[PDB]
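In the form deposited in one PDB entry, a lone chain appears below as structure tokens.
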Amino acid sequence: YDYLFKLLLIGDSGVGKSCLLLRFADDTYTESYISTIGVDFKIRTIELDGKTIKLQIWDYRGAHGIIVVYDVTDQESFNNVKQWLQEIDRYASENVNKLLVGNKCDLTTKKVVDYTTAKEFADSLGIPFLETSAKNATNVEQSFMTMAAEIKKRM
């Protein structure tokens, strides 16, 4: 391994953090209600720019990057991203990497959080922004890859 990157998923309940994490780690997905992923964390290896990188993912101070998830169909969860970053400022290495994720990009009929206005926000904060679908398996890997990229960039 070239690096070990320790990642962390924040966000409101029902956004899909557990779905994303299990999709990404295990390639599983179920509509079924997840109380908990049964295990303290997930481990996953990826290759990137010639570099083999192990990931250790939770669902604060020892995280290299934190992913702040929200739901494109829940405007409530989007507004709360604001709080979820103040948390990061309080309990996290001062330059810990950040990525904003609007899960459930697949529910377009239900989409109330305009991509363009979430993007405009992440930009305003200087953060990368991706829309994902744990259900369809869309952008899920782009997301974690983008996170590695950003961490490997500060180093």
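Don't overthink the numbering: it's just position in the shown sequence, from 1. Throughout, rigid core stands for the largest set of C-alpha atoms superposing within 1.5 Å between the two forms.
The form deposited in another entry exists for this protein as well; it is not shown, and the discussion that follows is about that form.
- In a rigid-core overlay of the protein, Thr109 has its C-alpha displaced by under 2 Å between the shown form and the other one.
- With a cut-off of 2 Å and the rigid core superposed, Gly38 has a Cα displacement that reaches or exceeds the cut-off between the shown form and the other one.
- In the other entry, the separation between the C-alpha atoms of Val39 and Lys17 shrinks by 3 Å or more relative to the displayed form.
- Relative to the shown form, the Cα atoms of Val39 and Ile67 move together by 3 Å or more in the other entry.
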